[PDB]
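Okay, so here's the structure we're looking at.
Chains as they are written, first to last, in our numbering: chain A, 1 to 98; chain B, 101 to 185.
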């Protein structure tokens, strides 16, 4: 196609034109990994909890579509993979200011 | 300005036609509006969840009495409890 950039997601329709909508995060898969953009604000721990739950459940639904797993089994598998990765030591930052 | 406060592309994805946006999430009206890619590896979703949880823990520690380690335990507990509910 004629696009010169990445395969982006469009703004959700309920966000379009809304001055009060703030983008929390954008995540891209690139070179066998992830590149993520986060907003500066924290807001509250519950929002991050909601975001995690929404992503996990969405992933489980999609995984169950594309596999032999039920949605429950898919979610269990995703949580197992999450836990294995969470266990990795974080032993191994830059800033730009103007 | 008069529209949504967007995040720019990370510099490492600019011009990368092979890079794929997994999701964009907006906070609005006290909730979350998320655009997800249509295509589905499960491991990528696992990693994304870890990256978000880790980031949330660091941000939570900056705004609370908790250390990052304590914050991470709280966030993960919260997350897993809701999934099992």
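Ideal Cβ positions, reconstructed from N, Cα and C, are used throughout, including at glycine.
- Under 9 Å (Cβ pairs) to chain A, residues found in the region 163 to 177 of chain B: 163, 164, 171, 172, 174, 175 and 176
- Task: Would you please verify whether the beta carbon of residue 2(A) is less than 8 Å from any beta carbon of chain B?
- Result: no
- Item | Straight-line gap, residue 72(A) to residue 124(B) (C-alpha atoms, nearest Å) | 25 Å
- CB-CB length for residue 35(A) against residue 108(B), believed under 8 Å: That pair is no contact at about 12 Å.
- Close Cβ partners of residue 126(B) (< 8 Å) along its chain, the five nearest in sequence each way excluded: 104, 132, 133 and 134
- Classify residue 53(A) as helix, strand or coil using the three-state DSSP reduction. helix
- Item | Between the CA atoms of residue 151(B) and residue 66(A) - distance to the nearest angstrom | 24 Å
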